[PDB]
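> sequence first, structure after; it's an experimental one.
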Amino acid sequence: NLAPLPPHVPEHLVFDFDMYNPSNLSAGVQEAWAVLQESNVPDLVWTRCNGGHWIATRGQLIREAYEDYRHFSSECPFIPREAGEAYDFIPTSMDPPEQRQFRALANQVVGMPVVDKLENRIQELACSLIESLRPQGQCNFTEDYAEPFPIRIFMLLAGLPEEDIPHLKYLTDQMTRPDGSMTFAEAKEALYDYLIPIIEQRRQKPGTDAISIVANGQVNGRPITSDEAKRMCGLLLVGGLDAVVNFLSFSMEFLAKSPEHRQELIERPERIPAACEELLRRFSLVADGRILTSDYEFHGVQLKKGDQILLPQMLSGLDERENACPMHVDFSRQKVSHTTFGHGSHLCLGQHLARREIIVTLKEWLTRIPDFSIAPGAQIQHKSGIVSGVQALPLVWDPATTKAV
Ligand code: HEM
Ligand SMILES: CC1(C)[C@@H]2CC[C@@]1(C)C(=O)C2
């Protein structure tokens, strides 16, 4: 389902990429996207898929577009248009300077200090989950760890029932990797139906949870509205539940296939942070965009006010102009250059929490289960979308090779 080429689009700039169903997906998700950086591909193309839109392909252009909020607005950040249109999360669908008051609050909730307060639980949860796993000599890493680990820490933070996971997870998944089971607007509603009562109650009877704090905060002198709180909260949920979950699956899948990498981390633990940065770069997974506010000639191409443009955050670090031998995992690159957590005024506030969770997992897994691999005959499937994922990650290990701690 290709849309008719709009008039302003030079036919030599056409490249029919389907962000929801790229071609050599069998080859891995990052690889599937990297066709975009083949020499036959112009730096800025128009795809007729998903209703027609621009995609920037080069770290250079992505960052530039990301910095440029005057021309490239966050109002409608998702493709397809119906979704960017329905999209109303705060701070994400706002541009500076308005964005700034809301970010400041959200930061109150997710930033450094919060991570520092939660570290012991993060550590406790990981060790517990791994240890519980260890003696079985096999899991479903996606279901067995990658989901519970990040989600439960989130639910704790948020003050929500663990019993709510499956529902929320489903709704979260519909937004980033649409099934076709529900439209974006429907999904957003259902999450909103969830959130409202909860907000209501936290305004009256505040607690110490993230939800309570958002519901009762101040923005540019006055009190947040219930609608604004609904709108930030809905973001925190999506932010918290999807990305870390999938990221661990990519990284875990790579580690399961690279003994030499696992060993490096075991012997030279001082390298974890650097490795973490390296995996963030190679296993980058987020792809969203911006809307043209006006007619704009950007790097010789004429964009029309109203045109959407995908600026894949995933793409910067995979770009050979940015990183030599991009597809190669190297824990000792002089410079890990990426925009995994974005760029510009919208850079991830959850970055600190994300990293803490990555590092703990690496350290804690490698400790108890140093040697593991992908199950004989499992075909690992990747899914593409706003956040790309891994469907299932069947692992096998010999328990006699494990160490209880
Ligand atoms: C590996 C993990 C993650 C990755 C790769 C990631 C990626 C991103 C990206 C690319 C953006 C910028 C979006 C834009 O410019 O349109 C962003 C923003 C944001 N993410 Fe993260 N995310 C991750 C985890 C988290 C976590 C754990 C949280 C906290 C619950 C979270 C909360 C946020 C928030 C609040 C924003 C928006 C901030 C603003 O608009 O100023 N994210 N994320
Ligand atoms: C692109 C994102 C990863 C960022 C946090 C959750 C997400 C889906 C958004 O709506 C903004």
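Nice, I can see it. Residues are numbered from 1 along each chain as shown. Ligands and ions are numbered 1, 2, ... in the order given.
> contacting residues around residue 95?
By C-beta atoms under 8 Å, 6 or more residues apart in numbering, the contact set of residue 95 is 69, 73-75, 345. All C-beta spots, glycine's among them, are computed from the backbone N, C-alpha and C.
> what's the distance between the residue of the chain found nearest ligand 2 and residue 324?
The minimum distance from the chain to ligand 2, using C-beta to the nearest ligand atom, falls at residue 239 (4.0 Å). Look at residue 239 and residue 324: by C-beta to C-beta, to the nearest Å, they are 32 Å apart.
> the stretch 201-350 of the chain: strands as residue ranges?
Secondary structure of the stretch 201-350 of the chain by DSSP state E, counting those that start in this stretch: the strands cover 218-219, 222-223, 289-292, 296-298, 301-303, 308-310.
> following element in sequence after the last one, please.
With elements assigned by DSSP states H and E, the helix or strand that comes after strand 308-310 is helix 351-368.
> for whichever helix or strand comes after that following helix, name the packing helices and strands.
Next in sequence after helix 351-368, counting helices and strands by DSSP H and E, comes strand 373-374. Applying 3 or more C-beta pairs under 8 Å, 6 or more residues apart in numbering; DSSP states H and E, we find strand 373-374 packed against strand 394-396.
> any chance of CSV for the strands of the stretch 201-350 of the chain, columns distance to ligand 1 and mean neighbour count?
Output for the strands of the stretch 201-350 of the chain, formatted as CSV (distance: least, C-beta to the nearest ligand atom, whole Å; neighbours: other C-beta atoms under 10 Å):
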stretch, distance to ligand 1, mean neighbour count
strand 218-219, 13, 14
strand 222-223, 20, 10
strand 289-292, 8, 23
strand 296-298, 17, 14
strand 301-303, 18, 19
strand 308-310, 11, 25
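> okay if I get those strands as a markdown table plus distance to residue 115?
A markdown table is the format used below for the strands of the stretch 201-350 of the chain (distance: least, C-beta to C-beta, whole Å):
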| stretch | distance to residue 115 |
| --- | --- |
| strand 218-219 | 23 |
| strand 222-223 | 27 |
| strand 289-292 | 29 |
| strand 296-298 | 37 |
| strand 301-303 | 38 |
| strand 308-310 | 30 |
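> ligand 2 contacts on this protein?
In this structure, the chain approaches ligand 2 at residues 89, 92, 176, 238-239, 243, 286, 288, 386-387, judged by C-beta under 6 Å from any ligand atom.
> up against ligand 1, what does this structure have?
77, 91-92, 103, 106, 110, 235-236, 239-240, 243-244, 247, 286, 288, 313, 340-342, 346, 348-350, 353-354.
> what sits closest to the residue of the chain closest to ligand 2 if chain neighbours are left out?
In space, and not counting its chain neighbours, residue 239 is closest to residue 350: 5.3 Å by C-beta to C-beta, 6 or more residues apart in numbering.
> please name the residues that touch the one you found.
Residue 350 neighbours (C-beta under 8 Å, 6+ apart): 110, 239-240, 243.
> try residue 167
residue 194.
> burial count for the residue nearest to residue 158 when sequence neighbours are not counted?
Sequence neighbours aside, residue 210 is the residue nearest to residue 158 in space, at 5.0 Å (criterion: C-beta to C-beta, 6+ apart). Residues near residue 210, counting by other C-beta atoms under 10 Å, number 25.
> ok, residue 191 touching residue 234?
Yes - when contacts are counted by C-beta atoms under 8 Å, residue 191 is listed as touching residue 234 (5.5 Å).
> closest approach to ligand 1 from the stretch 251-400 of the chain, which residue is it?
Counting by C-beta to the nearest ligand atom, the stretch 251-400 of the chain gets nearest ligand 1 through residue 350, at 2.0 Å.
> wait, what's in contact with the residue nearest the centre of the chain?
Residue closest to the average C-alpha location in the chain (C-alpha atoms, centre = their mean): residue 243, at 3.6 Å. By C-beta under 8 Å, 6+ apart, the contact set of residue 243 is 285-286, 350, 354, 387.
> swap the cut-off to 7 Å and go again
Neighbouring residues of residue 243 by C-beta atoms under 7 Å, 6 or more residues apart in numbering: 285-286, 354, 387.
> turn these into a markdown table, including distance to residue 335 and neighbour count.
Formatted as a markdown table, the contacts of residue 243 follow (distance: C-beta to C-beta, whole Å; neighbours: other C-beta atoms under 10 Å):
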| residue | distance to residue 335 | neighbour count |
| --- | --- | --- |
| 285 | 21 | 27 |
| 286 | 21 | 21 |
| 354 | 21 | 22 |
| 387 | 26 | 25 |
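> I'd like these as JSON lines, with distance to residue 24 appended.
Below are the contacts of residue 243 laid out as JSON lines (distance: C-beta to C-beta, whole Å):
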{"residue": "285", "distance to residue 24": "17"}
{"residue": "286", "distance to residue 24": "20"}
{"residue": "354", "distance to residue 24": "28"}
{"residue": "387", "distance to residue 24": "20"}
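> of those, which belong to helices?
In this view, those that belong to helices under DSSP state H are residue 354.
> closest one to residue 130 out of the contacts of residue 243, please.
When the contacts of residue 243 are compared for distance to residue 130 (C-beta to C-beta), residue 354 wins out at 18.9 Å.
> the closest one reaches residue 244, doesn't it?
Yes - taking C-beta atoms under 7 Å as the definition, residue 354 is a contact partner of residue 244 at 5.4 Å.
> can you show me the helices along the stretch 1-150 of the chain?
Along the stretch 1-150 of the chain, the segments classed as helices by DSSP state H, counting those that start in this stretch run 29-33, 59-67, 81-86, 99-110, 112-133, 141, 148-158.
> pull out the buried positions in the longest one.
Same thing as helix 112-133. Neighbour counts over helix 112-133 (16 or more other C-beta atoms under 10 Å) mark 114-115, 118, 122, 125-127, 129-130, 133 as buried.
> repeat for the fourth one
Going by neighbour count (16+ other C-beta under 10 Å), the buried part of helix 99-110 is 99, 101-107, 109-110.
> elements contacting that helix?
If you count contacts as 3 or more C-beta pairs under 7 Å, 6 or more residues apart in numbering; DSSP states H and E, helix 99-110 packs onto helix 210-215, strand 218-219, helix 226-255.
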